[PDB]
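The structure appears right after this line, and notes come after that.
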Protein chains: 6
Amino acid sequence: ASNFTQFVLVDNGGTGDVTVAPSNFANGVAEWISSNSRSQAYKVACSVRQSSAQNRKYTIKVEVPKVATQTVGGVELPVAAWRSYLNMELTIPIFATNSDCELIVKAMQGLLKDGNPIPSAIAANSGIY
Amino acid sequence: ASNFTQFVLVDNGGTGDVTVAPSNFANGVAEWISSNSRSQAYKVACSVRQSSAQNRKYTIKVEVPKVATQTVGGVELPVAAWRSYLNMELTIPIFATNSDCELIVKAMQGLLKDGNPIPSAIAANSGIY
Amino acid sequence: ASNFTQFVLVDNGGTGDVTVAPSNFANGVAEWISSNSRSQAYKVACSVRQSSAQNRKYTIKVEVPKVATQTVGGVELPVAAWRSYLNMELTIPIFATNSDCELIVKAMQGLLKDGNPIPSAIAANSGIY
Amino acid sequence: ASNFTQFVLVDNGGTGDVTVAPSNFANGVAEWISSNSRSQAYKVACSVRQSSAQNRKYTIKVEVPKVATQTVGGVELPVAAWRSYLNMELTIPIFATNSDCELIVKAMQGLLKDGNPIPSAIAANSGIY
Amino acid sequence: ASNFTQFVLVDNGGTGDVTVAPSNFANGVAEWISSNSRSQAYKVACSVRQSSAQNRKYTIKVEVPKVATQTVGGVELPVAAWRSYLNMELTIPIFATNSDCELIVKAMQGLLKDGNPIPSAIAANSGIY
Amino acid sequence: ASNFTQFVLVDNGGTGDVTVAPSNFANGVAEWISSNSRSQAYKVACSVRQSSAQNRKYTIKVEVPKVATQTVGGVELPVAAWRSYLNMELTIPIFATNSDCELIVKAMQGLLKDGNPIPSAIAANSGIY
């Protein structure tokens with residue numbers, strides 16, 4: 001094993017899928033980036049720390065860029081028009097069993113599943129109502 | 001539309017699924033909880049707001065109960081030993097079209113898909129290695 | 001669902017029943033008022049907050065007006081001679097199950113049921129003896 | 001009359017009803033408790049007094065035990081995790097006739113009638129939405 | 001019940017209609033935004049407040065954008081070339097019955113009905129003459 | 001040609017309609033007043049002005065009276081028991097073509113169309129919920 005492997009971040013059904021690969025583990029922060037210039041890359045970062053004596057906290061960050069080509073000084077450079085940022089922190093008690101943890105993972109998957117309230121609001125630029 | 005509806009948070013295959021239903025809307029913050037006491041409930045909250053001149057921010061909070069050795073309806077202390085807390089913040093530039101937003105949703109779904117590093121680490125009480 | 005619906009506050013047996021309808025949810029305070037000028041309306045307000053870390057507190061307020069017509073400046077205005085105010089605060093531990101909560105609701109109904117001590121004292125302008 | 005009598009606080013249909021009986025009258029405050037230890041009892045207290053020159057005020061307090069997972073006759077700590085507290089204050093202007101007062105009683109009964117928003121929110125561990 | 005819902009702001013007869021959906025109800029200010037880029041979206045905000053002892057005051061705001069694409073350095077962004085701003089304040093004494101309010105609403109709709117002086121001056125970049 | 005004419009402010013379907021007729025156009029402020037006592041009359045005022053270099057600003061005002069008779073010392077006078085005041089300001093950049101203006105007018109009519117959130121809250125003495 002080694003769970004530090006590449007995965008497809010954006011599944012565009014085989015064509016134009018955005019895959020992200022391991023790229024750095026310096027300072028205990030596991031990082032993954034897509035095959036682009038570092039200026040236009042998708043980026044995922046993950047780190048876990050025993051925050052309290054009885055908790056562990058995972059900090060996960062994703063950056064989704066809007067790619068563009070910009071003319072600076074009469075020269076064109078690969079750039080990102082803007083970036084969207086996802087920041088998540090998960091605190092799990094040390095008393096959580098593996099099956100307790102699987103429950104947290106399933107809850108996070110159901111939350112974002114297609115057609116459920118939240119992913120629907122986000123995708124439509126609206127709130128919950 | 002009208003997305004404030006009940007949904008399946010934990011999909012256990014039809015048998016033993018955890019459904020979460022609307023429970024509060026005070027202050028534009030939509031809340032959903034499972035059919036349990038509030039100390040043992042699965043809880044989801046969501047709200048959007050223009051965080052700055054250039055961004056909108058979605059704050060999503062989830063609480064998941066530690067189920068192994070749980071006593072249904074009992075008084076379980078300390079509260080912190082029996083609950084996991086998820087905190088997500090999604091910042092999206094005001095230029096993001098619905099399409100851009102659909103892609104951000106896919107990135108979140110890919111991140112947590114089964115078999116991918118992050119959800120596998122969490123489920124196994126591990127970090128990256 | 002949406003429990004924010006209209007209900008009959010004073011059941012005068014089909015004729016002259018006082019019904020109250022949703023009228024505002026600003027600041028997380030659910031409000032209901034009767035179809036009158038705002039000066040002569042019945043008013044119900046409800047809000048819940050996690051008062052302590054282990055409690056939740058519901059604050060409910062009802063205002064029953066005594067309607068009158070008053071001549072101010074030689075002009076008649078719809079007015080309330082006086083108002084009676086009900087103020088209730090219910091503190092429920094987070095460890096309370098739904099069935100535990102149903103017990104609280106039944107207790108509150110029995111308390112005010114016709115012929116029981118309290119509603120009898122109130123209706124007769126006396127104390128308990 | 002003489003209203004200080006035993007009554008059914010929780011009506012469970014004849015089987016498993018909670019009856020509450022007079023238990024104290026120190027200081028003009030009528031008290032009723034169920035047949036349990038004082039830590040697990042259903043308790044009701046009531047008193048009236050002229051709060052001001054223009055009003056009389058009824059203070060009614062109710063305590064309801066958390067029953068799910070309860071150990072009858074046992075020592076259950078912390079006390080706050082096992083009890084709900086109701087606090088009602090009814091202010092009535094000195095001009096209110098018996099009829100006016102009967103109407104105030106009906107308003108209180110309508111507020112808590114089954115199926116109405118408030119009692120439904122409470123029973124479901126919810127707020128308004 | 002809820003009136004914080006989606007609605008048609010610009011009726012372009014079934015197609016090309018501008019719909020505005022609820023987005024956020026923070027601090028007593030209900031806000032609605034149309035879909036797609038927040039930068040090119042229409043916006044409606046509304047709030048009510050007791051302006052004085054006898055008055056309640058509504059504050060409505062609407063923004064109509066002039067959709068355009070901004071190109072800078074070869075990077076183009078969806079923007080509003082400019083915006084038209086409507087700010088209205090409606091004061092209503094607490095003596096107004098529902099019938100009085102309905103009349104106030106009719107006066108507002110009549111003021112803007114097609115063919116009347118005001119909507120015709122505006123639609124033609126003109127004043128009164 | 002002239003748009004400074006009489007028009008129906010409150011359409012009560014042919015009968016009981018409130019018509020407002022031109023009264024005075026002094027200092028760039030066009031004013032319309034309904035017939036009979038000026039004290040019980042409806043009033044509409046409108047003016048446009050170049051608010052800045054790029055903007056033109058319309059200022060519309062409407063007054064809805066609550067008709068009543070004042071009696072003092074046996075002398076009765078026709079008065080308005082009170083008035084409801086509407087003050088609106090519409091800013092439009094000088095780049096707006098007639099098509100843009102027509103759209104702005106449609107947005108205003110849609111905002112107040114029957115059944116939509118805003119006109120329904122007002123007509124019912126309510127806020128958003």
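By order in the structure tokens, chains are A, B, ...; within a chain, residues start at 1; ligands start at 1, following the order shown.
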
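Neighbouring residues of stretch 53-61 of chain F at 7 Å or closer, counting only C-alpha atoms and skipping chain neighbours under 6 positions away, are residues 44, 45, 46, 47, 86, 87, 88, 89, 90, 91, 92, 93 and 94 of chain F.
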
Item to complete: Can you check which residues of chain A have any atom within 7 Å of chain E? Use only C-alpha atoms and format it as a list in words.
Response: residues 68, 69, 70, 71, 72, 81, 124, 125, 126, 127 and 129 of chain A

Worksheet item: So which bits of chain A end up strand (DSSP E or B) when you DSSP the backbone, as a VMD selection string?
Response: chain A and resid 7 to 10 18 to 24 30 to 33 43 to 49 55 to 72 75 to 93

Fill in: residue F:12 surroundings by only C-alpha atoms, 12 Å radius, close-in-sequence under 5 positions cut, as number ranges by chain
E: 102-103, 105-107, 109-110; F: 17-19

Discussion item. For a test of reading the model, state the distance in Å between atom CA of residue D:108 and atom CA of residue C:114, rounded to one decimal.
Written reply: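 Separating atom CA of residue D:108 from atom CA of residue C:114 is a distance of 11.2 Å.
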
Worksheet item: Just how far from atom CA of residue D:63 is atom CA of residue D:43, in Å to one decimal?
Response: 5.1 Å
